[PDB]
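Enquirer: File follows, input_39.csv with CSV, C-alpha atoms:
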chain,number,residue,atom,x,y,z
Z,4,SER,CA,10.6,24.7,14.3
Z,5,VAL,CA,10.0,22.2,11.4
Z,6,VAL,CA,8.9,25.0,9.1
Z,7,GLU,CA,12.1,27.0,9.9
Z,8,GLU,CA,14.2,23.9,9.1
Z,9,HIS,CA,12.5,22.9,5.8
Z,10,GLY,CA,10.7,25.9,4.4
Z,11,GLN,CA,8.9,25.7,1.1
Z,12,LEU,CA,8.0,22.1,0.2
Z,13,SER,CA,7.9,20.7,-3.4
Z,14,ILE,CA,7.7,17.5,-5.3
Z,15,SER,CA,10.9,16.1,-6.9
Z,16,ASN,CA,11.0,12.7,-8.6
Z,17,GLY,CA,7.8,11.6,-6.9
Z,18,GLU,CA,9.0,12.5,-3.4
Z,19,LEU,CA,8.2,15.3,-0.9
Z,20,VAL,CA,11.3,17.4,-0.4
Z,21,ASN,CA,12.3,20.7,1.3
Z,22,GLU,CA,13.5,24.0,-0.1
Z,23,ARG,CA,17.1,22.6,-0.6
Z,24,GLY,CA,15.8,19.5,-2.3
Z,25,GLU,CA,16.3,17.2,0.7
Z,26,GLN,CA,13.7,14.4,1.5
Z,27,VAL,CA,11.3,15.1,4.3
Z,28,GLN,CA,8.6,13.1,6.1
Z,29,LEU,CA,5.8,14.8,8.0
Z,30,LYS,CA,3.9,13.0,10.8
Z,31,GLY,CA,0.9,14.3,12.8
Z,32,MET,CA,-2.8,14.3,13.7
Z,33,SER,CA,-6.1,15.0,12.0
Z,34,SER,CA,-9.0,16.8,13.7
Z,35,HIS,CA,-12.3,15.0,13.5
Z,36,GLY,CA,-15.2,17.0,11.8
Z,37,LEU,CA,-14.7,20.6,12.8
Z,38,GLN,CA,-18.4,21.1,13.2
Z,39,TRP,CA,-18.6,18.5,15.9
Z,40,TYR,CA,-15.2,18.4,17.6
Z,41,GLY,CA,-13.7,21.8,17.0
Z,42,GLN,CA,-13.0,22.4,20.7
Z,43,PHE,CA,-10.0,20.2,20.5
Z,44,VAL,CA,-8.5,22.4,17.8
Z,45,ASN,CA,-6.8,25.6,19.2
Z,46,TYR,CA,-3.5,27.2,19.7
Z,47,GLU,CA,-2.8,25.5,23.1
Z,48,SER,CA,-3.7,22.0,22.0
Z,49,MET,CA,-1.6,22.3,18.8
Z,50,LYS,CA,1.3,23.6,20.8
Z,51,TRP,CA,0.9,20.7,23.2
Z,52,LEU,CA,0.9,18.3,20.2
Z,53,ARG,CA,4.0,20.1,18.8
Z,54,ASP,CA,6.0,20.1,22.1
Z,55,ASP,CA,4.8,16.8,23.7
Z,56,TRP,CA,4.1,14.5,20.8
Z,57,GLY,CA,6.5,16.1,18.2
Z,58,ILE,CA,3.9,16.5,15.4
Z,59,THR,CA,5.1,18.3,12.3
Z,60,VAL,CA,1.8,18.5,10.5
Z,61,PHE,CA,-1.8,19.3,11.6
Z,62,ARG,CA,-4.8,18.4,9.4
Z,63,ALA,CA,-8.0,20.5,9.6
Z,64,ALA,CA,-11.0,18.3,8.6
Z,65,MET,CA,-13.7,20.6,7.4
Z,66,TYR,CA,-16.8,18.6,6.4
Z,67,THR,CA,-18.9,19.9,3.5
Z,68,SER,CA,-22.1,18.1,4.3
Z,69,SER,CA,-23.3,16.4,7.5
Z,70,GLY,CA,-23.7,19.8,9.1
Z,71,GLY,CA,-20.4,21.1,7.6
Z,72,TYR,CA,-19.5,24.1,5.5
Z,73,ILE,CA,-22.4,23.8,3.0
Z,74,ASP,CA,-24.9,23.6,5.8
Z,75,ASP,CA,-23.2,26.2,8.0
Z,76,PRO,CA,-20.3,28.2,6.5
Z,77,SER,CA,-19.4,29.7,9.9
Z,78,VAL,CA,-17.0,26.7,10.2
Z,79,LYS,CA,-14.7,28.5,7.7
Z,80,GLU,CA,-13.6,30.8,10.5
Z,81,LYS,CA,-12.4,27.8,12.6
Z,82,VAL,CA,-10.2,26.7,9.6
Z,83,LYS,CA,-8.7,30.2,9.6
Z,84,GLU,CA,-8.0,30.0,13.4
Z,85,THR,CA,-6.2,26.7,12.8
Z,86,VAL,CA,-4.0,27.9,10.0
Z,87,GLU,CA,-3.0,31.0,11.8
Z,88,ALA,CA,-2.1,28.9,14.8
Z,89,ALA,CA,0.1,26.7,12.7
Z,90,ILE,CA,1.8,29.7,11.2
Z,91,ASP,CA,2.5,30.9,14.7
Z,92,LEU,CA,3.7,27.6,15.9
Z,93,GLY,CA,5.9,26.8,12.9
Z,94,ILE,CA,4.2,23.7,11.7
Z,95,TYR,CA,2.7,22.5,8.4
Z,96,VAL,CA,-1.2,22.5,8.2
Z,97,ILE,CA,-3.5,20.7,5.8
Z,98,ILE,CA,-6.7,22.4,4.8
Z,99,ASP,CA,-9.1,19.5,4.1
Z,100,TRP,CA,-12.3,19.9,2.1
Z,101,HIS,CA,-13.7,16.8,3.7
Z,102,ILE,CA,-16.2,15.3,1.3
Z,103,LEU,CA,-17.6,12.0,2.3
Z,104,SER,CA,-21.4,11.4,2.1
Z,105,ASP,CA,-21.3,13.9,-0.8
Z,106,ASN,CA,-19.3,11.2,-2.6
Z,107,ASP,CA,-18.6,12.9,-6.0
Z,108,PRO,CA,-16.4,16.0,-5.5
Z,109,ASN,CA,-18.2,17.6,-8.4
Z,110,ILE,CA,-21.4,18.0,-6.3
Z,111,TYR,CA,-20.1,21.1,-4.5
Z,112,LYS,CA,-17.4,22.1,-6.9
Z,113,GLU,CA,-18.4,25.7,-7.4
Z,114,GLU,CA,-18.4,26.1,-3.6
Z,115,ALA,CA,-15.0,24.3,-3.4
Z,116,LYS,CA,-13.6,26.8,-5.9
Z,117,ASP,CA,-14.8,29.8,-4.0
Z,118,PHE,CA,-13.5,28.4,-0.7
Z,119,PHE,CA,-10.0,27.5,-2.1
Z,120,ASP,CA,-9.8,30.9,-3.9
Z,121,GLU,CA,-10.3,32.6,-0.5
Z,122,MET,CA,-7.9,30.4,1.4
Z,123,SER,CA,-5.1,30.6,-1.2
Z,124,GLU,CA,-5.5,34.3,-1.4
Z,125,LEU,CA,-5.2,34.7,2.4
Z,126,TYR,CA,-2.3,32.2,3.1
Z,127,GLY,CA,-0.7,31.4,-0.3
Z,128,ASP,CA,2.4,33.3,0.5
Z,129,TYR,CA,3.2,31.1,3.5
Z,130,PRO,CA,5.0,27.7,3.1
Z,131,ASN,CA,2.9,26.2,5.9
Z,132,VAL,CA,-0.2,25.5,3.8
Z,133,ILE,CA,-1.1,22.2,2.1
Z,134,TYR,CA,-4.4,21.9,0.3
Z,135,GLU,CA,-6.5,18.7,0.4
Z,136,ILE,CA,-9.2,19.4,-2.2
Z,137,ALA,CA,-11.4,16.3,-1.9
Z,138,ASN,CA,-11.0,14.0,1.1
Z,139,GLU,CA,-12.6,10.7,0.1
Z,140,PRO,CA,-14.3,10.2,-3.3
Z,141,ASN,CA,-16.3,7.0,-3.2
Z,142,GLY,CA,-18.9,5.0,-5.1
Z,143,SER,CA,-18.4,2.7,-8.0
Z,144,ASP,CA,-19.7,5.5,-10.3
Z,145,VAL,CA,-17.0,8.0,-9.1
Z,146,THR,CA,-13.8,7.3,-11.1
Z,147,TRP,CA,-10.4,8.9,-11.5
Z,148,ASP,CA,-10.7,9.5,-15.2
Z,149,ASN,CA,-14.3,10.7,-15.3
Z,150,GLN,CA,-15.0,12.5,-12.1
Z,151,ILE,CA,-12.0,13.2,-9.9
Z,152,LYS,CA,-9.4,14.2,-12.4
Z,153,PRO,CA,-11.6,16.7,-14.2
Z,154,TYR,CA,-12.6,18.2,-10.8
Z,155,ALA,CA,-8.9,18.5,-9.9
Z,156,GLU,CA,-8.3,20.3,-13.2
Z,157,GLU,CA,-10.9,22.8,-12.3
Z,158,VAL,CA,-9.9,23.5,-8.7
Z,159,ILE,CA,-6.1,23.5,-9.0
Z,160,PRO,CA,-6.0,26.5,-11.4
Z,161,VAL,CA,-8.0,28.7,-9.0
Z,162,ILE,CA,-5.5,27.9,-6.3
Z,163,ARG,CA,-2.6,28.4,-8.6
Z,164,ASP,CA,-3.6,31.9,-9.6
Z,165,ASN,CA,-2.9,32.8,-5.9
Z,166,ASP,CA,-0.4,30.2,-4.8
Z,167,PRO,CA,1.8,28.9,-7.5
Z,168,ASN,CA,3.8,26.3,-5.5
Z,169,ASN,CA,2.3,24.9,-2.3
Z,170,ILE,CA,1.4,21.2,-2.3
Z,171,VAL,CA,-2.1,20.0,-3.3
Z,172,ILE,CA,-3.3,16.6,-2.1
Z,173,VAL,CA,-5.9,15.1,-4.4
Z,174,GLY,CA,-8.3,12.3,-3.2
Z,175,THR,CA,-8.6,9.0,-5.1
Z,176,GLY,CA,-11.3,6.5,-5.7
Z,177,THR,CA,-12.9,4.1,-3.2
Z,178,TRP,CA,-12.4,6.2,-0.1
Z,179,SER,CA,-9.0,7.2,-1.4
Z,180,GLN,CA,-7.6,3.7,-1.7
Z,181,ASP,CA,-7.2,3.5,-5.5
Z,182,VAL,CA,-3.8,5.3,-6.0
Z,183,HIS,CA,-3.1,2.8,-8.8
Z,184,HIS,CA,-5.6,4.4,-11.2
Z,185,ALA,CA,-4.4,8.0,-10.5
Z,186,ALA,CA,-0.8,6.8,-11.0
Z,187,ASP,CA,-1.8,5.6,-14.6
Z,188,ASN,CA,-3.3,9.0,-15.5
Z,189,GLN,CA,-1.5,11.7,-13.4
Z,190,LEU,CA,-2.1,15.4,-13.2
Z,191,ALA,CA,0.0,17.9,-15.1
Z,192,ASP,CA,0.7,20.1,-12.0
Z,193,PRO,CA,4.1,19.2,-10.7
Z,194,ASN,CA,3.4,19.9,-7.0
Z,195,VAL,CA,0.6,17.5,-6.4
Z,196,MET,CA,0.3,14.3,-4.3
Z,197,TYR,CA,-2.4,11.6,-4.3
Z,198,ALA,CA,-4.1,10.6,-1.1
Z,199,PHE,CA,-3.9,7.1,0.3
Z,200,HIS,CA,-6.1,6.2,3.4
Z,201,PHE,CA,-6.2,2.9,5.3
Z,202,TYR,CA,-7.4,1.2,8.5
Z,203,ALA,CA,-4.9,-1.0,10.2
Z,204,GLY,CA,-7.5,-3.5,11.4
Z,205,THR,CA,-9.0,-3.9,7.8
Z,206,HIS,CA,-6.4,-3.2,5.1
Z,207,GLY,CA,-3.8,-5.6,3.9
Z,208,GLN,CA,-1.0,-6.5,1.5
Z,209,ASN,CA,-3.0,-5.8,-1.7
Z,210,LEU,CA,-3.2,-2.2,-0.7
Z,211,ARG,CA,0.6,-2.0,0.0
Z,212,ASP,CA,1.2,-3.6,-3.4
Z,213,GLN,CA,-1.0,-0.9,-4.9
Z,214,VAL,CA,0.9,1.9,-3.1
Z,215,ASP,CA,4.2,0.5,-4.4
Z,216,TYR,CA,2.9,0.4,-7.9
Z,217,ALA,CA,1.9,4.1,-7.8
Z,218,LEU,CA,5.3,5.0,-6.4
Z,219,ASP,CA,6.9,3.0,-9.2
Z,220,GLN,CA,5.0,5.1,-11.6
Z,221,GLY,CA,6.5,8.3,-10.2
Z,222,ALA,CA,3.4,9.4,-8.3
Z,223,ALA,CA,3.8,11.1,-4.9
Z,224,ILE,CA,1.6,9.8,-2.2
Z,225,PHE,CA,0.4,11.4,1.1
Z,226,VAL,CA,-1.2,9.2,3.7
Z,227,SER,CA,-3.5,12.1,4.9
Z,228,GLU,CA,-5.8,9.9,7.0
Z,229,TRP,CA,-5.4,6.4,8.6
Z,230,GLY,CA,-6.7,4.7,11.8
Z,231,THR,CA,-5.5,2.1,14.2
Z,232,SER,CA,-8.9,0.5,14.2
Z,233,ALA,CA,-11.0,-1.5,11.7
Z,234,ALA,CA,-12.8,0.4,9.0
Z,235,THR,CA,-16.2,-0.7,10.3
Z,238,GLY,CA,-12.2,-5.5,17.8
Z,239,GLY,CA,-10.7,-2.3,19.2
Z,240,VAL,CA,-7.3,-1.3,18.0
Z,241,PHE,CA,-4.9,-3.4,15.9
Z,242,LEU,CA,-1.4,-2.4,17.0
Z,243,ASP,CA,0.4,-5.3,15.3
Z,244,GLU,CA,-1.0,-4.5,12.0
Z,245,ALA,CA,-0.6,-0.8,12.7
Z,246,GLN,CA,3.1,-1.3,13.3
Z,247,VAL,CA,3.5,-3.2,10.0
Z,248,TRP,CA,1.9,-0.2,8.3
Z,249,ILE,CA,4.2,2.3,10.2
Z,250,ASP,CA,7.3,0.5,9.0
Z,251,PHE,CA,6.1,0.3,5.4
Z,252,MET,CA,5.5,4.0,5.5
Z,253,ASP,CA,8.8,4.7,7.1
Z,254,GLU,CA,10.7,2.5,4.5
Z,255,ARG,CA,9.1,4.6,1.7
Z,256,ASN,CA,9.4,7.9,3.4
Z,257,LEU,CA,5.6,8.5,3.4
Z,258,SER,CA,4.1,11.4,5.3
Z,259,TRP,CA,1.0,10.8,7.3
Z,260,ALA,CA,-1.8,12.2,9.6
Z,261,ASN,CA,-3.6,9.9,12.2
Z,262,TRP,CA,-7.4,9.9,12.5
Z,263,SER,CA,-8.7,11.4,15.1
Z,264,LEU,CA,-7.9,14.0,17.8
Z,265,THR,CA,-11.1,13.5,19.7
Z,266,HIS,CA,-12.4,11.7,22.7
Z,267,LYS,CA,-15.3,10.1,20.8
Z,268,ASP,CA,-16.3,6.6,21.8
Z,269,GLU,CA,-14.6,4.9,18.9
Z,270,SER,CA,-11.4,2.9,18.8
Z,271,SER,CA,-9.7,5.4,16.5
Z,272,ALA,CA,-10.1,8.3,18.9
Z,273,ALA,CA,-6.8,9.5,20.5
Z,274,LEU,CA,-8.2,10.9,23.7
Z,275,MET,CA,-10.2,9.6,26.7
Z,276,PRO,CA,-13.4,11.4,27.8
Z,277,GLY,CA,-12.2,14.0,30.2
Z,278,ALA,CA,-9.1,14.9,28.3
Z,279,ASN,CA,-8.7,18.8,28.4
Z,280,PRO,CA,-9.4,20.4,25.0
Z,281,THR,CA,-6.4,22.7,25.5
Z,282,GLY,CA,-3.9,19.9,25.9
Z,283,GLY,CA,-1.4,18.9,28.6
Z,284,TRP,CA,-2.6,15.2,28.6
Z,285,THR,CA,-1.2,12.5,30.9
Z,286,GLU,CA,-1.0,8.9,29.6
Z,287,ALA,CA,-4.1,8.6,31.7
Z,288,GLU,CA,-6.1,10.7,29.2
Z,289,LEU,CA,-4.8,9.1,26.1
Z,290,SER,CA,-6.6,6.1,24.5
Z,291,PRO,CA,-4.7,2.9,23.6
Z,292,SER,CA,-4.8,4.4,20.1
Z,293,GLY,CA,-3.5,7.8,21.3
Z,294,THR,CA,-0.7,6.2,23.3
Z,295,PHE,CA,0.6,4.2,20.3
Z,296,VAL,CA,0.5,7.1,17.9
Z,297,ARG,CA,2.2,9.6,20.2
Z,298,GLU,CA,4.9,6.9,20.6
Z,299,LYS,CA,5.2,6.5,16.8
Z,300,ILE,CA,5.5,10.3,16.4
Z,301,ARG,CA,8.0,11.0,19.2
Any chance you could give the structure as structure tokens?
Expert:
Amino acid sequence: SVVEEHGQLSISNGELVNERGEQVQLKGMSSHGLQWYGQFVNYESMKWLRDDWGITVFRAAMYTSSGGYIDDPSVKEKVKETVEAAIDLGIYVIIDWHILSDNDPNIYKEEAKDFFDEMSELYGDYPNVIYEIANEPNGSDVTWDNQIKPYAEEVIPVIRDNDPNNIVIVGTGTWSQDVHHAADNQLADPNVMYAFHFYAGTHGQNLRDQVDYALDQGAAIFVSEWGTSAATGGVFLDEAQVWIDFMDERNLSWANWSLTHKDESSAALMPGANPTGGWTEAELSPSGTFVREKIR
């Protein structure tokens, strides 16, 4: 199992590494909003993803608003089911506080704190857990220096009282594209990474240059969400492939958006796909077929 092979992850010299200090690259899938598409997230589907697609990380996207956790906190229990499954299956799991329409992470920060205190108390002694404390900060008035970093410096200590070394992923400005500003004003915690998110049908060479810059500043970057579609023509597999090779050349870890059979180009599944896995190439979307291939 990948967790038996690599164990406790850390950051060394801006790179994700295993418990012996060797470089590692995680690849896998993200759930869609747990409050909408939680049926595709369960032991059997994750096991199918582990065995059939070869995923080494699973991302649990728990929305805060839009009928998420703040609206109905019951969804917390689905996060727990997912982590427990990952522990059983021997894979890494991201716990994602999926802010979006609530565009400043400071809006529900007290609730964030309570939630991450609970999760790090429950699972902080396992190496499988990665915390993603603010999915996609956005808005021209939400900046690294003034909003996101101070939020981070409030949430990371609560986690660290329970879990001193698992990785924390911190979102960046403009729907997590602006890794360049975080890179100029990095966090003190040594086991943190900055999120970078793209859409293959929309994002180009300027973004790759910005990623390269952050890496040159010694910042570690996790591509915790990307799609094969345009941000807002179907799928763009040529541009997707350029992005896969870029990530591979820089050993970047990633999670593909979304494990769902939603009628959007980014969805991996066709309507009718069984929520407990075992999918044929029949039930995989053109997106799903390409990603499974990249991961295999």
Enquirer: List as a PyMOL selection string: which residues have an atom within 10 Å of (-23.0, 24.7, 3.1), counting only C-alpha atoms?
Expert: chain Z and resi 66-78+111+114
Enquirer: Given all atoms listed in the file, how would the per-residue table for segment 51-170 of chain Z near segment 19-40 of chain Z read, listing every residue at most 9 Å away with its closest atom pair and distance in Å to one decimal, sorted by chain and number, as JSON lines?
Expert:
{"residue": "Z:52", "atom": "CA", "partner": "Z:31", "partner_atom": "CA", "distance": 8.4}
{"residue": "Z:53", "atom": "CA", "partner": "Z:31", "partner_atom": "CA", "distance": 8.9}
{"residue": "Z:56", "atom": "CA", "partner": "Z:31", "partner_atom": "CA", "distance": 8.6}
{"residue": "Z:57", "atom": "CA", "partner": "Z:31", "partner_atom": "CA", "distance": 8.0}
{"residue": "Z:58", "atom": "CA", "partner": "Z:31", "partner_atom": "CA", "distance": 4.5}
{"residue": "Z:59", "atom": "CA", "partner": "Z:29", "partner_atom": "CA", "distance": 5.6}
{"residue": "Z:60", "atom": "CA", "partner": "Z:31", "partner_atom": "CA", "distance": 4.9}
{"residue": "Z:61", "atom": "CA", "partner": "Z:32", "partner_atom": "CA", "distance": 5.5}
{"residue": "Z:62", "atom": "CA", "partner": "Z:33", "partner_atom": "CA", "distance": 4.5}
{"residue": "Z:63", "atom": "CA", "partner": "Z:34", "partner_atom": "CA", "distance": 5.6}
{"residue": "Z:64", "atom": "CA", "partner": "Z:36", "partner_atom": "CA", "distance": 5.4}
{"residue": "Z:65", "atom": "CA", "partner": "Z:37", "partner_atom": "CA", "distance": 5.5}
{"residue": "Z:66", "atom": "CA", "partner": "Z:36", "partner_atom": "CA", "distance": 5.9}
{"residue": "Z:69", "atom": "CA", "partner": "Z:38", "partner_atom": "CA", "distance": 8.9}
{"residue": "Z:70", "atom": "CA", "partner": "Z:38", "partner_atom": "CA", "distance": 6.8}
{"residue": "Z:71", "atom": "CA", "partner": "Z:38", "partner_atom": "CA", "distance": 5.9}
{"residue": "Z:72", "atom": "CA", "partner": "Z:38", "partner_atom": "CA", "distance": 8.3}
{"residue": "Z:75", "atom": "CA", "partner": "Z:38", "partner_atom": "CA", "distance": 8.7}
{"residue": "Z:78", "atom": "CA", "partner": "Z:38", "partner_atom": "CA", "distance": 6.5}
{"residue": "Z:81", "atom": "CA", "partner": "Z:37", "partner_atom": "CA", "distance": 7.6}
{"residue": "Z:82", "atom": "CA", "partner": "Z:37", "partner_atom": "CA", "distance": 8.2}
{"residue": "Z:95", "atom": "CA", "partner": "Z:29", "partner_atom": "CA", "distance": 8.3}
{"residue": "Z:97", "atom": "CA", "partner": "Z:33", "partner_atom": "CA", "distance": 8.8}
{"residue": "Z:101", "atom": "CA", "partner": "Z:36", "partner_atom": "CA", "distance": 8.2}
Enquirer: Please compute the atom CA of residue 85 of chain Z-atom CA of residue 49 of chain Z distance, one decimal, in Å.
Expert: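 Straight-line distance from atom CA of residue 85 of chain Z to atom CA of residue 49 of chain Z works out to 8.7 Å.
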Enquirer: Would you please work out which residue, of Z:107, Z:120, Z:7, Z:18, is nearest to residue 258 of chain Z when using only C-alpha atoms?
Expert: Z:18
Enquirer: Taking 4 positions as the minimum chain separation for residues in the same chain, which residues sit within 9 Å of residue 211 of chain Z when counting all atoms listed in the file? Answer as a PDB file with C-alpha atoms, in the frame of the given file.
Expert:
ATOM      1  CA  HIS Z 206      -6.400  -3.200   5.100  1.00  0.00           C
ATOM      2  CA  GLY Z 207      -3.800  -5.600   3.900  1.00  0.00           C
ATOM      3  CA  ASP Z 215       4.200   0.500  -4.400  1.00  0.00           C
ATOM      4  CA  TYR Z 216       2.900   0.400  -7.900  1.00  0.00           C
ATOM      5  CA  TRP Z 248       1.900  -0.200   8.300  1.00  0.00           C
ATOM      6  CA  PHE Z 251       6.100   0.300   5.400  1.00  0.00           C
TER       7      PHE Z 251
END
Enquirer: Excluding residue 244 of chain Z and residues on its chain fewer than 4 positions from it, collect all residues at most 10 Å away from it, counting all atoms listed in the file, and give them as a list in words.
Expert: residues 202, 203, 204, 205, 206, 207, 231, 232, 240, 248 and 249 of chain Z
Enquirer: So, counting only C-alpha atoms, which residue among Z:172, Z:197, Z:209, Z:105 is closest to residue 184 of chain Z?
Expert: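 Nearest candidate to residue 184 of chain Z out of Z:172, Z:197, Z:209, Z:105: Z:197.
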Enquirer: Could you check the closest approach to residue 47 of chain Z for each of Z:8, Z:192, Z:91, Z:80 and tell me which residue wins, using all atoms listed in the file?
Expert: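 Nearest to residue 47 of chain Z: Z:91.
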Enquirer: Could you jot down the atom CA of residue 293 of chain Z to atom CA of residue 261 of chain Z separation for me, Å, one decimal place?
Expert: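 Atom CA of residue 261 of chain Z lies 9.3 Å from atom CA of residue 293 of chain Z.
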Enquirer: Please measure the separation of atom CA of residue 269 of chain Z and atom CA of residue 201 of chain Z, giving the value in Å to one decimal.
Expert: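 Spanning atom CA of residue 269 of chain Z to atom CA of residue 201 of chain Z is a straight-line distance of 16.1 Å.
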Enquirer: Excluding segment 153-166 of chain Z and its own-chain neighbours fewer than 4 positions away, which residues fall within 7 Å of it when counting all atoms listed in the file? Please give them as an MDAnalysis selection string.
Expert: chainID Z and resid 108:109 116 119:120 123:124 127:128 149
